[PDB]
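Containing compact mmCIF, C-alpha atoms: start_19.txt.
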# COMPACT_ATOMS: atom_id res chain seq x y z
CA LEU R 353 -1.88 14.59 -16.76
CA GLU R 354 1.86 13.88 -16.74
CA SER R 355 1.82 10.39 -15.22
CA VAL R 356 -1.13 9.18 -17.29
CA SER R 357 0.47 10.71 -20.40
CA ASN R 358 3.72 8.81 -19.82
CA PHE R 359 1.85 5.59 -19.01
CA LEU R 360 -0.28 5.82 -22.16
CA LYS R 361 2.75 6.62 -24.31
CA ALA R 362 4.60 3.57 -22.97
CA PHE R 363 1.55 1.26 -22.94
CA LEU R 364 -0.80 2.29 -25.77
CA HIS R 365 1.97 2.49 -28.35
CA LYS R 366 1.35 2.29 -32.08
CA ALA R 367 4.25 -0.14 -32.50
CA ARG R 368 2.53 -2.48 -30.04
CA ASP R 369 0.34 -4.95 -31.94
CA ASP R 370 -1.53 -7.22 -29.51
CA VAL R 371 -3.54 -4.81 -27.33
CA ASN R 372 -6.80 -6.40 -26.20
CA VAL R 373 -6.74 -4.79 -22.74
CA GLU R 374 -8.89 -1.84 -21.70
CA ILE R 375 -7.31 0.72 -19.38
CA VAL R 376 -9.47 1.74 -16.41
CA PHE R 377 -8.31 4.60 -14.20
CA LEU R 378 -9.75 4.98 -10.69
CA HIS R 379 -9.00 8.27 -8.94
CA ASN R 380 -10.82 10.40 -6.38
CA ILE R 381 -9.89 13.73 -8.04
CA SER R 382 -11.84 14.90 -11.08
CA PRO R 383 -9.58 15.43 -14.11
CA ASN R 384 -8.88 18.93 -15.36
CA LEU R 385 -9.55 20.03 -18.94
CA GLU R 386 -6.27 18.70 -20.35
CA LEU R 387 -6.71 15.32 -18.67
CA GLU R 388 -10.30 15.03 -19.93
CA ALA R 389 -9.05 15.84 -23.44
CA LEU R 390 -6.33 13.20 -23.14
CA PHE R 391 -8.89 10.62 -21.98
CA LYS R 392 -11.16 11.62 -24.87
CA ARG R 393 -8.35 11.08 -27.38
CA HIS R 394 -8.10 7.43 -26.23
CA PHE R 395 -11.83 6.95 -25.62
CA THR R 396 -11.97 3.61 -27.44
CA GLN R 397 -9.68 1.92 -24.90
CA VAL R 398 -9.36 4.23 -21.86
CA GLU R 399 -12.02 4.87 -19.21
CA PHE R 400 -11.89 6.98 -16.05
CA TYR R 401 -13.86 6.68 -12.81
CA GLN R 402 -14.03 8.96 -9.78
CA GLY R 403 -13.44 6.81 -6.72
CA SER R 404 -10.95 5.70 -4.10
CA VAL R 405 -9.06 2.42 -4.42
CA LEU R 406 -9.28 2.27 -0.61
CA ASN R 407 -13.10 2.21 -0.78
CA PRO R 408 -14.48 -1.33 -1.28
CA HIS R 409 -17.53 0.05 -3.11
CA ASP R 410 -15.29 1.79 -5.65
CA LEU R 411 -13.31 -1.44 -6.01
CA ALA R 412 -16.60 -3.20 -6.77
CA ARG R 413 -17.45 -0.51 -9.34
CA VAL R 414 -14.27 -1.07 -11.37
CA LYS R 415 -14.68 -4.88 -11.30
CA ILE R 416 -11.46 -5.78 -9.48
CA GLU R 417 -12.41 -9.47 -9.41
CA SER R 418 -12.48 -9.55 -13.23
CA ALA R 419 -9.48 -7.22 -13.66
CA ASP R 420 -6.42 -8.89 -15.17
CA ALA R 421 -4.01 -6.70 -13.19
CA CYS R 422 -3.76 -3.59 -11.04
CA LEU R 423 -1.03 -1.04 -11.76
CA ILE R 424 -0.22 1.56 -9.11
CA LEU R 425 1.58 4.76 -10.10
CA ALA R 426 3.67 6.78 -7.65
CA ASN R 427 4.21 10.52 -7.28
CA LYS R 428 7.85 10.80 -8.31
CA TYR R 429 8.10 14.48 -7.30
CA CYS R 430 6.88 14.80 -3.71
CA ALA R 431 8.21 16.32 -0.51
CA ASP R 432 8.08 13.04 1.45
CA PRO R 433 8.81 9.88 -0.58
CA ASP R 434 8.18 7.73 2.51
CA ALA R 435 4.62 9.03 2.91
CA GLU R 436 3.81 8.31 -0.74
CA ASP R 437 5.35 4.85 -0.46
CA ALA R 438 3.25 4.13 2.63
CA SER R 439 0.13 5.35 0.81
CA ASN R 440 0.85 3.05 -2.14
CA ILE R 441 1.50 0.12 0.21
CA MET R 442 -1.84 0.80 1.91
CA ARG R 443 -3.52 0.82 -1.51
CA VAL R 444 -1.91 -2.58 -2.13
CA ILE R 445 -3.26 -3.78 1.23
CA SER R 446 -6.78 -2.61 0.36
CA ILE R 447 -6.72 -4.25 -3.08
CA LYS R 448 -5.40 -7.53 -1.67
CA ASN R 449 -8.04 -7.44 1.06
CA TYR R 450 -10.77 -7.05 -1.56
CA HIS R 451 -9.30 -9.74 -3.85
CA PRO R 452 -6.21 -11.65 -2.65
CA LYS R 453 -5.57 -13.32 -6.03
CA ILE R 454 -5.21 -10.19 -8.19
CA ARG R 455 -1.82 -9.43 -9.73
CA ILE R 456 -0.40 -6.07 -8.64
CA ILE R 457 2.44 -4.05 -10.16
CA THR R 458 3.30 -1.03 -8.02
CA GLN R 459 5.80 1.81 -8.40
CA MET R 460 7.94 2.50 -5.33
CA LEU R 461 10.15 5.51 -4.64
CA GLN R 462 12.61 4.13 -2.07
CA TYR R 463 14.31 0.76 -1.80
CA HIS R 464 13.76 0.15 1.92
CA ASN R 465 9.99 0.70 1.75
CA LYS R 466 9.73 -2.35 -0.53
CA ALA R 467 10.33 -4.42 2.61
CA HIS R 468 6.88 -3.40 3.86
CA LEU R 469 5.41 -5.29 0.90
CA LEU R 470 6.74 -8.55 2.36
CA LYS X 588 -24.66 -1.30 52.90
CA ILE X 589 -26.94 0.52 50.47
CA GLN X 590 -29.06 3.34 51.86
CA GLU X 591 -32.38 4.94 50.83
CA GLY X 592 -32.65 5.19 47.02
CA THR X 593 -29.33 4.49 45.29
CA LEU X 594 -28.84 4.30 41.53
CA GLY X 595 -27.54 0.92 40.38
CA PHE X 596 -25.79 0.39 37.05
CA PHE X 597 -26.95 -2.80 35.35
CA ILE X 598 -25.96 -4.73 32.24
CA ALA X 599 -29.07 -6.15 30.62
CA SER X 600 -30.56 -6.95 27.24
CA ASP X 601 -33.53 -4.57 27.48
CA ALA X 602 -34.94 -1.78 29.63
CA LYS X 603 -38.01 -3.86 30.48
CA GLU X 604 -35.71 -6.34 32.22
CA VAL X 605 -33.90 -3.69 34.27
CA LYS X 606 -37.24 -2.15 35.27
CA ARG X 607 -37.79 -5.38 37.24
CA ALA X 608 -35.10 -4.26 39.71
CA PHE X 609 -37.31 -1.45 41.02
CA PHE X 610 -40.39 -3.69 41.30
CA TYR X 611 -38.95 -6.24 43.70
CA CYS X 612 -40.03 -7.34 47.17
CA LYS X 613 -38.78 -10.17 49.37
CA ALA X 614 -42.26 -11.68 49.75
CA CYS X 615 -44.73 -9.61 47.70
CA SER X 681 12.02 6.10 55.75
CA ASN X 682 9.45 8.87 55.18
CA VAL X 683 9.49 9.18 51.38
CA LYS X 684 6.66 10.47 49.20
CA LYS X 685 5.27 7.43 47.38
CA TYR X 686 1.84 8.68 46.25
CA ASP X 687 0.29 11.97 45.19
CA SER X 688 -1.62 14.34 47.47
CA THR X 689 -4.90 12.41 47.22
CA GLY X 690 -3.24 8.98 47.17
CA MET X 691 -5.13 8.03 44.00
CA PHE X 692 -2.05 7.51 41.80
CA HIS X 693 1.53 6.36 42.31
CA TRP X 694 3.97 9.27 42.42
CA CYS X 695 7.72 9.73 42.14
CA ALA X 696 10.23 12.54 42.42
CA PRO X 697 10.73 14.50 39.17
CA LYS X 698 13.39 13.02 36.90
CA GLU X 699 15.31 14.62 34.06
CA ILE X 700 14.50 13.14 30.66
CA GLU X 701 18.19 12.28 30.20
CA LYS X 702 17.96 9.74 33.03
CA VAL X 703 15.28 7.60 31.35
CA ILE X 704 16.68 7.63 27.80
CA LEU X 705 17.58 4.11 26.67
CA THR X 706 19.99 3.37 23.84
CA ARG X 707 19.67 0.26 21.70
CA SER X 708 22.55 -1.46 23.51
CA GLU X 709 21.40 -0.42 26.98
CA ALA X 710 17.83 -1.54 26.28
CA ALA X 711 19.13 -4.82 24.82
CA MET X 712 21.20 -5.63 27.92
CA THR X 713 18.28 -4.66 30.16
CA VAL X 714 15.73 -7.47 30.37
CA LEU X 715 12.11 -6.37 29.98
CA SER X 716 9.31 -8.88 30.56
CA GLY X 717 5.61 -8.23 31.03
CA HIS X 718 5.96 -4.55 30.13
CA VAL X 719 3.99 -2.18 27.90
CA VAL X 720 5.55 -0.88 24.67
CA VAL X 721 3.95 2.36 23.44
CA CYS X 722 4.94 3.14 19.84
CA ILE X 723 4.20 6.75 18.89
CA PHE X 724 4.44 8.43 15.46
CA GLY X 725 5.20 12.06 16.25
CA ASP X 726 7.68 14.82 15.54
CA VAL X 727 8.44 18.25 16.98
CA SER X 728 5.57 19.96 15.12
CA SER X 729 2.96 17.23 15.70
CA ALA X 730 -0.14 17.88 17.78
CA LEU X 731 0.26 16.72 21.38
CA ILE X 732 -1.86 13.76 22.36
CA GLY X 733 -2.31 13.51 26.09
CA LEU X 734 -0.05 10.66 27.19
CA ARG X 735 -0.67 11.37 30.88
CA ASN X 736 -4.18 10.01 30.26
CA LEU X 737 -2.53 6.69 29.31
CA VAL X 738 -0.01 6.50 32.16
CA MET X 739 -2.26 7.63 35.03
CA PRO X 740 -4.71 4.67 34.79
CA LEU X 741 -1.64 2.41 34.65
CA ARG X 742 -0.38 3.86 37.98
CA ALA X 743 -3.57 3.82 40.04
CA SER X 744 -2.40 3.05 43.62
CA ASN X 745 -4.59 -0.05 43.80
CA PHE X 746 -1.96 -2.03 41.92
CA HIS X 747 1.00 -2.96 44.08
CA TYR X 748 4.36 -1.45 43.17
CA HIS X 749 5.50 -4.93 42.12
CA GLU X 750 2.41 -5.20 39.88
CA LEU X 751 3.16 -2.01 37.94
CA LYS X 752 4.08 -2.59 34.30
CA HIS X 753 7.13 -0.91 32.82
CA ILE X 754 6.17 1.54 30.07
CA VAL X 755 8.69 1.98 27.25
CA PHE X 756 8.00 4.78 24.76
CA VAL X 757 9.33 4.12 21.24
CA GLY X 758 9.25 7.28 19.16
CA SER X 759 11.00 10.52 18.31
CA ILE X 760 12.68 12.08 21.33
CA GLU X 761 11.84 15.55 20.01
CA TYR X 762 8.13 14.82 20.42
CA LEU X 763 8.54 13.20 23.85
CA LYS X 764 10.55 16.15 25.18
CA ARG X 765 7.42 18.26 24.70
CA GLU X 766 5.30 15.92 26.84
CA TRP X 767 7.84 14.82 29.46
CA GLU X 768 6.83 17.74 31.71
CA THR X 769 3.60 15.85 32.50
CA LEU X 770 5.21 12.38 32.75
CA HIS X 771 8.32 12.79 34.93
CA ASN X 772 6.34 12.17 38.15
CA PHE X 773 5.70 8.46 37.53
CA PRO X 774 7.56 5.46 38.96
CA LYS X 775 8.88 3.38 36.03
CA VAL X 776 8.86 4.95 32.55
CA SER X 777 11.61 4.52 29.95
CA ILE X 778 12.15 6.14 26.56
CA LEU X 779 13.92 4.64 23.54
CA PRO X 780 14.45 7.36 20.90
CA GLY X 781 13.83 5.71 17.54
CA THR X 782 11.10 4.65 15.13
CA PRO X 783 8.14 2.29 15.65
CA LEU X 784 8.77 0.94 12.13
CA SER X 785 12.34 -0.13 12.98
CA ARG X 786 12.67 -3.86 13.63
CA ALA X 787 15.94 -3.28 15.50
CA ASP X 788 14.29 -0.80 17.86
CA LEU X 789 11.36 -3.15 18.50
CA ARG X 790 13.75 -6.05 19.11
CA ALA X 791 15.78 -4.01 21.60
CA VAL X 792 12.64 -3.44 23.71
CA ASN X 793 11.88 -7.21 23.63
CA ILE X 794 8.50 -6.78 21.97
CA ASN X 795 7.87 -10.54 22.09
CA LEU X 796 8.20 -10.50 25.90
CA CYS X 797 5.82 -7.55 26.35
CA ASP X 798 2.31 -7.74 27.78
CA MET X 799 0.89 -5.21 25.32
CA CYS X 800 2.10 -3.08 22.42
CA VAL X 801 0.08 0.11 21.85
CA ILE X 802 0.47 1.68 18.41
CA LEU X 803 -0.71 5.28 18.76
CA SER X 804 -1.36 7.61 15.82
CA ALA X 805 0.49 10.41 17.58
CA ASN X 806 0.46 12.36 14.29
CA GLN X 807 -3.31 12.78 14.43
CA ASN X 808 -3.00 16.37 13.15
CA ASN X 809 -2.46 15.07 9.60
CA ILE X 810 -5.23 16.02 7.18
CA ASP X 811 -5.13 13.93 4.00
CA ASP X 812 -7.37 11.50 2.16
CA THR X 813 -9.01 10.25 5.35
CA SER X 814 -8.50 6.57 4.49
CA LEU X 815 -4.78 7.32 4.15
CA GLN X 816 -4.68 8.46 7.77
CA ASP X 817 -3.96 5.06 9.36
CA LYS X 818 -1.09 4.21 7.00
CA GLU X 819 1.62 4.36 9.67
CA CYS X 820 -0.37 2.40 12.26
CA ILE X 821 -1.32 -0.30 9.75
CA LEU X 822 2.25 -0.61 8.49
Written as structure tokens, that's how I'd like the structure from this file.
Amino acid sequence: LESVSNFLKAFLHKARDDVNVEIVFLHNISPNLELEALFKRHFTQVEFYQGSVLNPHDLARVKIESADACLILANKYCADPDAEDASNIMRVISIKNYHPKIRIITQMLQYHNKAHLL
Amino acid sequence: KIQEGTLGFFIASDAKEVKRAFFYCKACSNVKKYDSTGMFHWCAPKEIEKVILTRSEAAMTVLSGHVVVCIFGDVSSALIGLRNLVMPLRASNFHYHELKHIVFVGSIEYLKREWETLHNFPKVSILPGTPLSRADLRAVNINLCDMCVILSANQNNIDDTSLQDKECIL
């Protein structure tokens, strides 16, 4: 709820004029009541799907080949930042394996882990 | 020479082809060097402090044609059985000059747990560090090694199953 709320506040802003993109969330955990309500509030431009970005079938479901970009959000408040960074890097690896030409913007928690993206 | 009816193990495309094997006719000074059984190379027990290699010491030491085992474990990780990896590599039918040096790259806290089953082997070295460290891998001369084995020593992790190989892949 928190991360998607912040992302939608920053992205789907009223002051922003040219918004022809449709937001598609892909997550393997079913949203709770508040998150479903938040998705419902932005139903005209936000869609959610239950799947894993590491599963090629779920990547096929969300039409990665036709997706303009893939944005990966990190867990800012976690016990082990390195584990979350490695998980996000592995998600990047899976997405690039499915479609090497897609543009990816990923959130990282530590500076050194960015090296693994090279 | 084979005797009476002996089972033979065959590699074949189908069982009908291996059935042909049964239907065949010609016309129609005194130092302990091995273990008790002699099956595996053996050595006197060594303290773990003797085999620890620092970055500088490993760098000065030249290592060619060795085996670099990179393990991801900590003190609380589940113990994989590393003796099952070293024993086939010291099998008494390789000559002592044919044995490959085994360098373990990983947390020393994890390896101290398992050293009780590994101290009786001829040539094993430990470099306390991280498999993800380029400096540590360069100290062991990973480009001169015969094989690098990346073991998911932290198998006890239970997460999103796909995110279980993250450390090995990285």
Produce a table with one row for each residue of chain X that has an atom at most 10 Å from any atom of chain R, each row naming the nearest atom pair and its distance in Å at one decimal; use all atoms listed in the file; arrange rows by chain and rising residue number; format as JSON lines.
{"residue": "X:784", "atom": "CA", "partner": "R:468", "partner_atom": "CA", "distance": 9.5}
{"residue": "X:812", "atom": "CA", "partner": "R:404", "partner_atom": "CA", "distance": 9.3}
{"residue": "X:813", "atom": "CA", "partner": "R:406", "partner_atom": "CA", "distance": 10.0}
{"residue": "X:814", "atom": "CA", "partner": "R:406", "partner_atom": "CA", "distance": 6.7}
{"residue": "X:815", "atom": "CA", "partner": "R:439", "partner_atom": "CA", "distance": 6.3}
{"residue": "X:816", "atom": "CA", "partner": "R:439", "partner_atom": "CA", "distance": 9.0}
{"residue": "X:817", "atom": "CA", "partner": "R:442", "partner_atom": "CA", "distance": 8.8}
{"residue": "X:818", "atom": "CA", "partner": "R:438", "partner_atom": "CA", "distance": 6.2}
{"residue": "X:819", "atom": "CA", "partner": "R:438", "partner_atom": "CA", "distance": 7.2}
{"residue": "X:821", "atom": "CA", "partner": "R:442", "partner_atom": "CA", "distance": 7.9}
{"residue": "X:822", "atom": "CA", "partner": "R:468", "partner_atom": "CA", "distance": 7.1}
Subject >> Separation of CA of residue 701 in chain X from CA of residue 753 in chain X, in Å and rounded to one decimal >> reply: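 The value is 17.4 Å.
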Original post:
Within 10 Å of residue 727 in chain X, counting all atoms listed in the file, which residues qualify if same-chain residues fewer than 2 places away don't, as a VMD selection string?
Top reply: chain X and resid 725 729 to 731 759 to 765
How would the residues just chosen look if you wrote them out with C-alpha atoms as a PDB file, in the frame of the given file?
ATOM      1  CA  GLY X 725       5.200  12.060  16.250  1.00  0.00           C
ATOM      2  CA  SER X 729       2.960  17.230  15.700  1.00  0.00           C
ATOM      3  CA  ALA X 730      -0.140  17.880  17.780  1.00  0.00           C
ATOM      4  CA  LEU X 731       0.260  16.720  21.380  1.00  0.00           C
ATOM      5  CA  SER X 759      11.000  10.520  18.310  1.00  0.00           C
ATOM      6  CA  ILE X 760      12.680  12.080  21.330  1.00  0.00           C
ATOM      7  CA  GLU X 761      11.840  15.550  20.010  1.00  0.00           C
ATOM      8  CA  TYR X 762       8.130  14.820  20.420  1.00  0.00           C
ATOM      9  CA  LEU X 763       8.540  13.200  23.850  1.00  0.00           C
ATOM     10  CA  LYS X 764      10.550  16.150  25.180  1.00  0.00           C
ATOM     11  CA  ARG X 765       7.420  18.260  24.700  1.00  0.00           C
TER      12      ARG X 765
END
Subject >> Spatial neighbours of residue 399 in chain R, 9 Å, all atoms listed in the file, chain gap at least 4 places, as number ranges by chain >> reply: R: 374-378, 391-392, 394-395
Could you give me the centre and size, in Å to one decimal, of an axis-aligned box around all listed atoms of range 687-705 of chain X with 6 Å added on every side, as JSON?
{"center_x": 6.5, "center_y": 9.4, "center_z": 37.1, "size_x": 35.3, "size_y": 22.5, "size_z": 32.8}
Original post:
Contacts of residue 706 in chain X at 12 Å or less, counting all atoms listed in the file, minus same-chain residues fewer than 2 places along, as an MDAnalysis selection string?
Top reply: chainID X and resid 701:704 708:713 755 757 760 777:781 787:788 791:792
Original post:
Quick one: residues within 10 Å of range 735-746 of chain X, all atoms listed in the file counted, chain neighbours fewer than 2 positions away excluded, as a list in words?
Top reply: residues 685, 686, 687, 690, 691, 692, 693, 694, 719, 721, 732, 733, 748, 749, 750, 751, 752, 753, 754, 766, 767, 768, 769, 770, 771, 773, 774, 775 and 776 of chain X
How close does range 390-465 of chain R get to range 356-366 of chain R? List, as JSON lines, each residue of range 390-465 of chain R within 9 Å, its nearest atom pair and the distance in Å to one decimal, counting only C-alpha atoms.
{"residue": "R:390", "atom": "CA", "partner": "R:357", "partner_atom": "CA", "distance": 7.7}
{"residue": "R:394", "atom": "CA", "partner": "R:364", "partner_atom": "CA", "distance": 8.9}
{"residue": "R:397", "atom": "CA", "partner": "R:364", "partner_atom": "CA", "distance": 8.9}
{"residue": "R:425", "atom": "CA", "partner": "R:356", "partner_atom": "CA", "distance": 8.9}
**OP:** Provide the CA of residue 423 in chain R to CA of residue 448 in chain R distance in Å, to one decimal place.
**Re:**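 CA of residue 448 in chain R lies at a distance of 12.8 Å from CA of residue 423 in chain R.
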Original post:
What separation in Å, quoted to one decimal, exists between CA of residue 353 in chain R and CA of residue 403 in chain R?
Top reply: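 Spanning CA of residue 353 in chain R to CA of residue 403 in chain R is a straight-line distance of 17.2 Å.
Of the listed residues R:446, R:462, R:418, R:382, the one whose atoms come nearest to residue 402 in chain R is R:382, with distances taken using all atoms listed in the file.
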Original post:
Smallest atom-to-atom distance to residue 807 in chain X: which of X:747, X:726, X:789, X:681, using all atoms listed in the file?
Top reply: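 Of the candidates, the smallest distance to residue 807 in chain X is held by X:726.
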